[PDB]
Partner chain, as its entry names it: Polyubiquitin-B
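The form solved without its partner chain is given below as one chain in structure tokens.
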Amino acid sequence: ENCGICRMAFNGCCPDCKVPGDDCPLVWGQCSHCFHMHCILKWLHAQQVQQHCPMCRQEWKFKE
């Protein structure tokens, strides 16, 4: 069976990981659907609001 986002096999990696062979773990939802972590990450990042700082208008980014 295949990841719902990238439509590549679960038993293999997502498109980012094919060339350089990085680890590409799977994740599961309570709804029972499985995705490559990398794929669902792109999804969740795009769908989530970009938060701002509680105290100013700037996008919230952690200082590293």
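Note that the rigid core is defined as the largest set of C-alphas that superpose within 1.5 Å between two forms. Numbering follows the first chain given and starts at 1. Residues that one form lacks are left out of the comparison.
The same protein has a further form, the form deposited with its partner chain bound, not shown here; the description that follows concerns it.
Mapping the unseen interface onto this chain, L44 counts among the residues with a heavy atom inside 4.5 Å of its partner chain in the deposited complex. Contact check for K61: a heavy atom falls within 4.5 Å of its partner chain in the deposited complex.
Within 4.5 Å of some heavy atom of its partner chain in the deposited complex lies at least one heavy atom of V49. In the deposited complex, no heavy atom of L26 sits within 4.5 Å of its partner chain.
Superposition on the rigid core between this form and the one not shown places the CA atom of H45 less than 2 Å from its counterpart.
Put the two forms on the same core and the Cα of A9 is off by less than 2 Å between this form and the one not shown. Core-superposed difference between this form and the one not shown: one segment of three or more residues with every CA shifted 2 Å or more, namely 48-64.
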